[PDB]
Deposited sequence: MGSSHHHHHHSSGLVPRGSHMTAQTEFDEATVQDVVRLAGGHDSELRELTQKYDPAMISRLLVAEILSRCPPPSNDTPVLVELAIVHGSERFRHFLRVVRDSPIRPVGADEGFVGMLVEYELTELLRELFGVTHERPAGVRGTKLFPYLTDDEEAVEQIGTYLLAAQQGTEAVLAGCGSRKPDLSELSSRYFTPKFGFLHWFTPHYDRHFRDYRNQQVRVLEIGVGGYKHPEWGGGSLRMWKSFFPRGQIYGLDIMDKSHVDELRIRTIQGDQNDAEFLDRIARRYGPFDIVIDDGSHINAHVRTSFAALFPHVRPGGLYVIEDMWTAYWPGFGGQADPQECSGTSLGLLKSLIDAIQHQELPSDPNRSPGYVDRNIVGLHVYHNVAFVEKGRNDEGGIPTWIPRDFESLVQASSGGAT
């Protein structure tokens, strides 16, 4: 329900100083921004762990206005807003709108206190005693889950991998600690991230796990997912899917001009060797200086059914032949703009930037 350009503008202004936050809250309706922040919060919350269901009241305040959201918190259900009559309110959490903007989407130092207000058992007589023993722990656990969603603490990619049912870590692959190392320093930037391959293939429901992972990892980011199949059902706040073929260089240049430039591009697509090579040539020019191009699953370089060759020395048309040529380049556009190559099992990271430093007179 939120305009993408608007969300991007809110995130841009949130990263600013007091004048930008003020500009933000005058440019847009506060009620609308509050709804946007709650939608963000609900996606950021970890899974609840309390057995007894509780409500956490989230009050967002701007000037004279008070926007109240009653959140149902119980294990095995995602946190959702419900009516005030639908359960026991264990906690009231109050935020100033601009403070919540800073905590969610700002460029901020860590703030261990003073970001909000809290009032325990806010509407609590007869049962006064009995109510404590039933909801005390559940309210502690419910509140912790909501407050976790109200900030920008760095999550654990390996855990997100299990949570969003993506195979980046835990069975087939062990990519996430490499992703963490290469990606974590970008987290306060308003990144644009493009992943080739949303997941689920031709099945009408599956896919998007890795997109949800990047959204969670990059609190200020916009995530784009390209897939040959329609993935419109995956789209949500800060996640856009695009339908098209990674093997169409012209089309890639087109979407890169509309949505770029990209801080990060990830290839987890078809895994056809020619596709990997086409996508790189087409998209590497659209990676920002200081940005990254990632290729997953180079294993197909050894398999003819993906356009590979079993003989590792026959690498001329494979993803590994590309990586090998990137080594030559480091020591054409690509040649002039690569400063680093990181290779791990089934994943490689390419660092973009002018390869122009340390020049000497050849004589």
No C-alpha coordinates anywhere in a stretch? Then put that deposited-sequence range on the list, in order along the chain. 1-25, 150-151, 359-370, 403-419
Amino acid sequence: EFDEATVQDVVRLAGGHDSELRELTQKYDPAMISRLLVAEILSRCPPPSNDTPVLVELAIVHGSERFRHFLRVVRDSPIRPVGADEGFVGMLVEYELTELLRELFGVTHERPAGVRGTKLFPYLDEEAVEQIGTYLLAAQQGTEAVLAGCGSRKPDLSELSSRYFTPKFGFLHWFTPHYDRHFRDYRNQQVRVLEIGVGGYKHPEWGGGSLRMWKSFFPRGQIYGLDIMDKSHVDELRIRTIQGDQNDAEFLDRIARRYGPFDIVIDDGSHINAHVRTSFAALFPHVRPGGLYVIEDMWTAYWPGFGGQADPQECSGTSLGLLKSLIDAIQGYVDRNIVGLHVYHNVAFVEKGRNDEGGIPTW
From here on, numbers count along this sequence of modelled residues.
Residue range whose averaged C-alpha B-factor is higher in the record, 337-345 or 21-29: 21-29
Between the two ranges 47-55 and 34-42, the one averaging a larger CA B factor in the entry: 47-55
For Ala138, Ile223, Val107, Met91, the deposited C-alpha B-factor is largest at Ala138
Candidate set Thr278, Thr118, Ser210, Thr134 [ranked by C-alpha B-factor, highest]: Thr134
Ranked C-alpha temperature factor of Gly308 among modelled chain residues, by third: middle
Once the chain's modelled residues are ordered by C-alpha B factor and cut into thirds, is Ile255 in the lowest, middle or highest one? highest
Is the Cα B-factor recorded for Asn273 in the lowest, middle or highest third of its chain? middle
Where does the C-alpha B-factor of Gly317 rank in its chain, lowest, middle or highest third? middle
So, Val191's CA B-factor, relative to its chain, sits in which third? The lowest
